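Colleague: Residue numbers (the deposited numbering), protein chains in the order written: chain P, 97 to 145; chain U, 195 to 243; chain G, 146 to 243.
Here's a structure for you.
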C-alpha cells in the first residue's frame, strides 16, 4: 500500500508541473501578439505618410 | 482547481484510503468469541477473522 | 542614429524604423525567455534521482523485487510441524494450505 501511495503522489506532482507549463505557454503567445502588433503599427504609420 | 490536479488528487485519496485500511477496526462494543486469525496468516476481504 | 535627428539631418521615417526594430527585438527576446521558462517547470527538482518520472519506475522495481524475494516461504512462528500436504512439483496459489 505504501508503494502504491508513493506512485500516486508522483503522478500528482507530474500533473501539477504540466499545468504550470501550459500557463507559461500563455505568456509566450502574448509576446507573439505583441510583436505582430508592432509590425501592424509600423505598416500603418508608413501608409499615412 | 485545474482538472488534471483534481484527477491526480482523487487517485492519491484512493491510495491513502487503501493504506489506512490496513488496521481493521471493530464496529461494536462487545466481546471476542470465535477467533480464527493467527499472525502470519494470508487473509482476503472474505475471510472471517 | 539618434543624435543626427536632433540636428535635423536624416529623415524621420529612418528613426521610426529604428525604434520599431528595437521594440520588435525586445518582443522576440521576451518570446525566447518564455520558451525557456516553460520546460524549466519540468526540471524544477535539482537532482536527477529525485525527478517524478524516475521515482515511478523505482516503485515498480521495488514491487517486482518484493515479488521475487517472496518465492522463499518463511515460518512466522517457532513451533513444530504437524501436517504436510506439500510435495515437490505441486502448483501452489495463496489459497492452498501447506
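For every residue, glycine included, the Cβ atom is placed at its ideal position computed from N, Cα and C.
Any residues in the stretch 119-135 of chain P with a beta carbon nearer than 8 Å to a beta carbon of chain G? Which ones, in chain order?
Modeller: Residues 120, 121, 123, 124, 127, 128, 130, 131, 134 and 135.
Colleague: Is there a Cβ of chain G sitting closer than 8 Å to that of residue 109 of chain P, yes or no?
Modeller: Yes - at least one Cβ of chain G is within 8 Å of the one on residue 109 of chain P.
Colleague: For the stretch 209-237 of chain U, enumerate the residues whose C-beta is nearer than 9 Å to any C-beta of chain P, in chain order.
Modeller: If the cut-off is 9 Å between Cβ atoms, the stretch 209-237 of chain U has 209, 210, 212, 213, 214, 215 and 216 near chain P.
Colleague: For residue 197 of chain U and residue 213 of chain G, I'd like the C-alpha separation in whole angstroms.
Modeller: Answer to the nearest angstrom: the Cα atoms are 38 Å apart.
Colleague: Using 8 Å as the threshold, is the C-beta distance between residue 165 of chain G and residue 138 of chain P below it?
Modeller: Taking 8 Å as the Cβ cut-off, residue 165 of chain G and residue 138 of chain P qualify as a contacting pair.
Colleague: How long is the line joining the alpha carbons of residue 202 of chain G and residue 168 of chain G, rounded to whole angstroms?
Modeller: About 47 Å.
Colleague: Across the stretch 111-130 of chain P and the stretch 220-234 of chain U, are there enough close Cβ pairs to call them in contact, namely three or more that are closer than 8 Å?
Modeller: No, they do not touch.
Colleague: Could you check which residue in G:227, G:226, G:243 and G:200 has the C-alpha nearest to that of residue 233 of chain G?
Modeller: Ranking the options by Cα distance to residue 233 of chain G, first place goes to G:243.
Colleague: Chain P partners of residue 242 of chain G, CB-CB under 8 Å?
Modeller: Ordered by position in chain P, no residue passes the 8 Å Cβ test against residue 242 of chain G, which lies about 26 Å from the chain.
Colleague: Do residue 177 of chain G and residue 113 of chain P count as a contact pair if the criterion is CB distance below 8 Å?
Modeller: In this structure, residue 177 of chain G does not lie closer than 8 Å to residue 113 of chain P by Cβ.
Colleague: At the level of alpha carbons, what is the spacing between residue 98 of chain P and residue 136 of chain P?
Modeller: Cα-Cα distance, rounded: 59 Å.
Colleague: Using a C-beta to C-beta distance shorter than 9 Å, which residues of chain U count as neighbours of residue 145 of chain P?
Modeller: The premise fails here: residue 145 of chain P is roughly 49 Å from chain U at the closest Cβ pair, so nothing lies under 9 Å.
Colleague: When you compare only the Cα positions, how much space is there between residue 217 of chain U and residue 130 of chain P?
Modeller: Cα to Cα, residue 217 of chain U sits roughly 59 Å from residue 130 of chain P.
Colleague: Say whether chain G places a C-beta atom closer than 8 Å to the C-beta of residue 140 of chain P.
Modeller: Output row for residue 140 of chain P: interface = no.
Colleague: Which of the three DSSP states is assigned to residue 119 of chain P in this structure?
Modeller: Helix, per DSSP.
Colleague: With a threshold of 8 Å between beta carbons, is residue 113 of chain P in contact with chain U?
Modeller: No, its Cβ sits nowhere closer than 8 Å to a Cβ of chain U.
Colleague: Taking only three categories from DSSP, how would you classify residue 181 of chain G?
Modeller: DSSP places residue 181 of chain G in helix when its eight states are reduced to three.
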